[PDB]
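[1] I need the structure of the sequence given here:
(7 chains)
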Amino acid sequence: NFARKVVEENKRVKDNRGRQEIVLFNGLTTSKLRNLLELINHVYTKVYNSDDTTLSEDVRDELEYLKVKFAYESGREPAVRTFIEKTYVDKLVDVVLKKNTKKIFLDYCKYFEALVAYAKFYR
Amino acid sequence: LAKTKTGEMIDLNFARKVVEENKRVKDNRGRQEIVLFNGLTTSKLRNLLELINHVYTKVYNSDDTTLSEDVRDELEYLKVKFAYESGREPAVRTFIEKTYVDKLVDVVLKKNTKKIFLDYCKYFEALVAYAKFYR
Amino acid sequence: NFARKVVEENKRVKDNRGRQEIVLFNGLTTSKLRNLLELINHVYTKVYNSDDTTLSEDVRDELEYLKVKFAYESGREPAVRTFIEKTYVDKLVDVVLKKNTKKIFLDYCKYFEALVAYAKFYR
Amino acid sequence: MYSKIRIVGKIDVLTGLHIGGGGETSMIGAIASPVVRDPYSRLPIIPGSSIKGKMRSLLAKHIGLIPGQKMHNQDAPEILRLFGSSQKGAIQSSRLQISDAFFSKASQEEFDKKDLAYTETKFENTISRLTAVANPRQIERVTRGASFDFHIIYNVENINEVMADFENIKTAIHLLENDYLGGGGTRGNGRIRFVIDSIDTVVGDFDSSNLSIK
Amino acid sequence: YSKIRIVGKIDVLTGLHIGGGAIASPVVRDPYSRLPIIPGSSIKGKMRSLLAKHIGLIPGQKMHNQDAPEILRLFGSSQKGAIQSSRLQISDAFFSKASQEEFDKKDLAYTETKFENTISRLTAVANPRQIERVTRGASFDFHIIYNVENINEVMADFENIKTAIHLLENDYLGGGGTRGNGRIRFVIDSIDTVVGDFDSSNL
Amino acid sequence: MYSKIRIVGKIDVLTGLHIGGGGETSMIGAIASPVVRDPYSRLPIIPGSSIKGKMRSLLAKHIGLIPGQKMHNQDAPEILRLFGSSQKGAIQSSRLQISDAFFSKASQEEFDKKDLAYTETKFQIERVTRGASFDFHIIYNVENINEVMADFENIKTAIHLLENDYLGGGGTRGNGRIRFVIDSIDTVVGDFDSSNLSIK
RNA sequence: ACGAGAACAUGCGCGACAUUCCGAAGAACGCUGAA
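    Residues are numbered from 1 along each chain as shown, chains lettered A, B, ... in the order given. And now the structure:
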């Protein structure tokens, strides 16, 4: 899939004191992505429990705030922002908003889950 | 939320557009310096963030959907502090004039709801987050 | 009998502890495989219900999600990673996606059933 | 004239329903107790024998059981008349024939939507009274959204007893809704509700329009 | 033979964790609505254990069905030759629609994540852990059926049931209840004899 | 008789209490640490696990700890009797059930007055204001009749230890001091006599 | 003007009873509002 290729292009085997860090980026860590993952999980639970074929307005506002969180974590951790540039998550958010359905949102959430899953698998 | 001049709608992408407008290369000694709102520094925008979050906390202390009276008074004091901070520093003045925060908080006072206050503060948070991001 | 071959090749005994215990794939249990085998059961029911020689689009997307689940399970537990790498089950998933027929997925399900059955046998 | 009255409706599960049976599936789980399934469709099923047995037991207990009963032929005369008897020299046919209840098409569609499995794997345990250690156990159940199409045939052998028979059937159904269907029902499983779609005399000149069971 | 019904509400005074198959530590959720649920097995097991503790205990009840005869009468037995049908039939308690709408009015999730650091003794290095819990103030509507196998035993059985509920309100319901989890409170709506002619007005 | 005793009272903060927890909120400050808050009331909350773990560690260190321990199940037998034991072959249910201490409504009214925020910021971390109080409720399950008084003496010792110590956060830097006040200790279930039972 | 003709392998039957995903586990430590 796209996520696997993106992560394997991202991944790098650095050598420090004999030990090997098989890491996408030096600053990438599960919690830094996990904050946005928690927000994604909240909004995904909202859409996945409400059972609406079209994304609700509150969910759209949640996605706007999700873009805000993208920018905020970009400001804090440069690793998160270069990951976002590599993975174009914000562009997928914009596409999801434009489609304004739950199917595209589910596909995007699966794409993000694939990204984090491949990151865990290689790391 | 509110409607900007020339028919622009106040949104988070609007905040992104505004912060993109505010930034310049500012190349000094062969190296660029990312200047936001006439070179507004992180400390002052974070102080403004803390001022906003004071009202945020005092309104989250209440479960009422409408703005509380003391919340509205603190918002008016926020307007006064915004005016004086605009007066003190040209960078803060540029920030306030490009963000219309006084007009937005006046609209919030007229609407008198928690949701509109949250939307305005979310716009402000988007502004500061994008400012720190582009820097 | 590829299934029995790989299970017996990866079959091992806890000789280090000095107490008799059979270890499959460096500590694999059915509990580790529970989530992925339940997902495969879901896909199997979905394909059985449909009357079509070739796999449908929902089946293909669910199989891509199954590949992602294989990667995530490999990341979470070393035992599942050993099982997947030695059994080439994800590569067979890719082969099934290439073939795109109901029969090839039925045969893949047969192979996985043989894998888990022989693993339970040799324990 | 032989009159057969058809009662067709839905059996909504209100909790996880586990009617055990010898099960086979792909990647057989650690569960030692899989639900019964209709092999042609692999969907879970409610065997009509389970419904008939539970209803007959509840109705017989309601009517009252003869002390020291060794057989099901020693029940009350109403129970034998309705559910059938096998006593030597006094064989009474079963007026009530309770077919198997298949997984509904509506619930199948509603579970194809939402990407949900028709069954679920409830994880239980059993804290021992001595070692205070939990032994994990897994039970396969049918999710509470599912419904089953149920079909019952009543045979009108005696015309004058039909109203009393349907009173007893209504009592049995009312007991069953408050009771559980086949499973670990004393621990919450198997709760049921009957929604009768129709009660029409499919055969015979008899009319059951005034006849109701719920 | 009569069936008495006891419907009511269970309110979570604290977080309620009932496990079921990053570190989510998932709580048992009803697959249909994906909402949290209190399994009836958990309620029945906790009530039976608490009541068996209240009454005397033989040294080893390893068979688990050799409790005091009141326990077997209420919750059922399986001893060889003497199988007593369980009069109490607890049911799975689903997420109340009133509480669901109350949470949806706010920006509140039905399940919270509680962080526990699990600090060690010799190393003193905290080990992160996250437990999923049902948020405080949620309600589950519970439905219990009692069958009057014998008429003369009903008052004693309901006294035992009320003692069990009194114990359970002072205890937790699954999860790490010994460190602030699973605490519940029962509010009974209506104890009415659904089937039969037994007089349930008193109880 | 499996009798259950109840202790209900209050915990009055004395410094800026800080118990961390992973969460985010709209208009969250640039502080590096938020406090754990009850999601329903959005008020700061003291998890019961914090109190139980703090008292367990304090008791273990005060009574005397065996060197080289790797697991919590290797504490003193009294400690395992009180706070539980998962030791394989010696599983012991805990006689202590400590519940989450929520923000008391009296302190909620006090902070509603004077427009005092529940949590302040120290230069940054978020800390619970000194005047706040959290109502605590713990349950003791009587399993051995003779050992109840000894267990309650141990509980009193743990409460005294925590009273002069901190609860979470940077206690050595002045964040966490609290005090315990007891309303009533009554045998809520059973026939045990708890009139002469105190934890302070 | 078939070792033939007429003759339901049928009748009663709950895959059911007993069973807490529990027992333990601090969101953590050392971090000056300051040149």
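[2] Excluding covalently adjacent residues, which one is nearest to residue D:202?
    If you skip the residues right next to it in sequence, residue D:202 has residue D:6 as its closest partner in space, 4.2 Å away by C-beta to C-beta, 6 or more residues apart in numbering or on different chains. (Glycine included, C-beta is placed from N, CA and C.)
[3] OK, contacts around the one you found?
    With contacts defined as C-beta atoms under 8 Å, 6 or more residues apart in numbering or on different chains, the neighbours of residue D:6 are D:151-153, D:198-202.
[4] hmm, try it at 7 Å
    Residues counted as contacts of residue D:6 (C-beta atoms under 7 Å, 6 or more residues apart in numbering or on different chains) are D:153, D:200, D:202.
[5] contact partners of the helix or strand containing the second one?
    In this structure, residue D:200 is located in strand D:192-203 according to DSSP states H and E. Identification of contacts with strand D:192-203 by C-beta under 7 Å, 6+ apart yields D:2-14, D:173, D:176-177, D:180-181, D:207-208, D:211-214.
[6] Is the most far-flung residue of chain D relative to its centre part of a helix or strand, or is it coil?
    With distances taken as C-alpha atoms, centre = their mean, the residue sitting farthest from the centre of chain D turns out to be residue D:131, at 38.1 Å. Here residue D:131 is coil, with the state taken from DSSP: H, G, I helix; E, B strand; the rest coil.
[7] Tell me the secondary structure at residue A:58.
    Three-state secondary structure (criterion: three-state DSSP) places residue A:58 in helix.
[8] Any idea what the residue nearest to residue D:202 is bridged to?
    Beta-bridge partners of residue D:6, counted by DSSP bridges, are residue D:153, residue D:200.
[9] how far away is it from residue E:87?
    If you measure residue D:6 against residue E:87 using C-beta to C-beta, to the nearest Å, the figure is 36 Å.
[10] ok, which stretches of the chain are helices?
    All of this is about chain A. Counting by DSSP state H, one finds helices in chain A at the ranges A:2-10, A:30-50, A:57-76, A:78-87, A:89-99, A:102-122.
[11] wrong one, I was asking about chain D
    In chain D, the helices defined using DSSP H lie at D:48-63, D:77-83, D:105-112, D:162-178.
[12] returning to what we had before: among the contacts of strand D:192-203, which ones are buried?
    Neighbour-count burial within those applies to D:3, D:5, D:7-14, D:173, D:176-177, D:180-181, D:208, D:211, D:213; the criterion is 16 or more other C-beta atoms under 10 Å in any protein chain shown.
[13] Tell me, how many residues neighbour residue 52?
    Just so you know, I chose chain A. Counted with other C-beta atoms under 10 Å in any protein chain shown, the neighbours of residue A:52 add up to 12.
[14] hmm, I had chain D in mind actually
    Applying other C-beta under 10 Å, we find 19 residues neighbouring residue D:52.
[15] contacting residues for the closest residue to it other than its chain neighbours?
    Nearest non-adjacent residue to residue D:52, counting by C-beta to C-beta, 6+ apart: residue D:98, 4.3 Å away. By C-beta under 7 Å, 6+ apart, the contact list for residue D:98 reads D:48, D:51-52, D:152.
[16] For those residues, pick the one with the most neighbours.
    The most crowded member of the contacts of residue D:98, judged by other C-beta under 10 Å, is residue D:51 (26 neighbours).
[17] out of everything not next to it in sequence, what's closest to that one?
    The shortest distance from residue D:51 to any residue that is not its chain neighbour, by C-beta to C-beta, 6+ apart, is 4.9 Å, and that residue is residue D:98.
[18] Could you report the distance from that neighbour to residue C:61?
    To residue C:61, residue D:98 is 41 Å away according to C-beta to C-beta.
[19] do the same with residue A:64
    Following C-beta to C-beta, the distance that separates residue A:64 from residue C:61 is 28 Å.
[20] The two: which has the busier surroundings?
    A count of neighbours by other C-beta under 10 Å puts residue A:64 above the other of residue A:64 and residue C:61, at 19 against 13.
[21] tally of neighbours for residue D:81?
    Based on other C-beta under 10 Å, the number of other residues close to residue D:81 is 21.
[22] ok, now which ones touch the residue lying closest to it once chain neighbours are set aside?
    Of all residues beyond its chain neighbours, the one nearest residue D:81 is residue D:92 (6.0 Å), with distances taken as C-beta to C-beta, 6+ apart. For residue D:92, the contacting residues are D:80-81, D:84-85, by C-beta under 7 Å, 6+ apart.
[23] And residue D:92, its phi and psi?
    The phi/psi pair for residue D:92 (degrees, to the nearest 10) reads phi -120, psi 130.
[24] Residue D:16 now?
    Phi and psi for residue D:16, reported as degrees, to the nearest 10, are phi -60, psi 130.
[25] just checking, it touches residue D:140?
    No. Between residue D:16 and residue D:140 there is no contact, the gap being 8.8 Å when judged by C-beta atoms under 7 Å.
[26] which one of these two has more residues nearby?
    Taking neighbours as other C-beta under 10 Å, residue D:16 and residue D:140 compare with residue D:16 leading, 31 against 23.
[27] gap between the residue farthest from the centre of chain D and residue E:61?
    For residue D:131, the distance to residue E:61 under the criterion C-beta to C-beta works out to 11 Å.
[28] Please apply the same query to residue D:208.
    53 Å.
[29] In chain D, which residue sits nearest chain B?
    Scanning chain D for proximity to chain B using C-beta to the nearest C-beta identifies residue D:114 as nearest, at 30.4 Å.
[30] now do chain A
    Closest to chain B within chain A is residue A:75: 3.7 Å, counting by C-beta to the nearest C-beta.
[31] Now do the same contact list for that residue.
    Residues in contact with residue A:75, defined by C-beta under 7 Å, 6+ apart, are B:129, B:132-133.
[32] Equivalent analysis for residue D:140, please.
    Taking C-beta under 7 Å, 6+ apart as the criterion, residue D:140 is in contact with D:18, D:31, D:33-35, D:119, D:121.
[33] Try it again at 6 Å.
    Contact criterion C-beta atoms under 6 Å, 6 or more residues apart in numbering or on different chains gives D:31, D:34-35, D:119, D:121 as the residues in contact with residue D:140.
[34] Put together a markdown table for the residues you listed, with neighbour count on each row.
    As requested, the contacts of residue D:140 are exported to a markdown table (neighbours: other C-beta atoms under 10 Å in any protein chain shown):
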| residue | neighbour count |
| --- | --- |
| D:31 | 15 |
| D:34 | 21 |
| D:35 | 25 |
| D:119 | 25 |
| D:121 | 19 |
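[35] Save those as CSV, and put in distance to chain A too.
    As requested, those are exported to CSV (distance: C-beta to the nearest C-beta, whole Å):
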residue, distance to chain A
D:31, 26
D:34, 28
D:35, 26
D:119, 20
D:121, 20
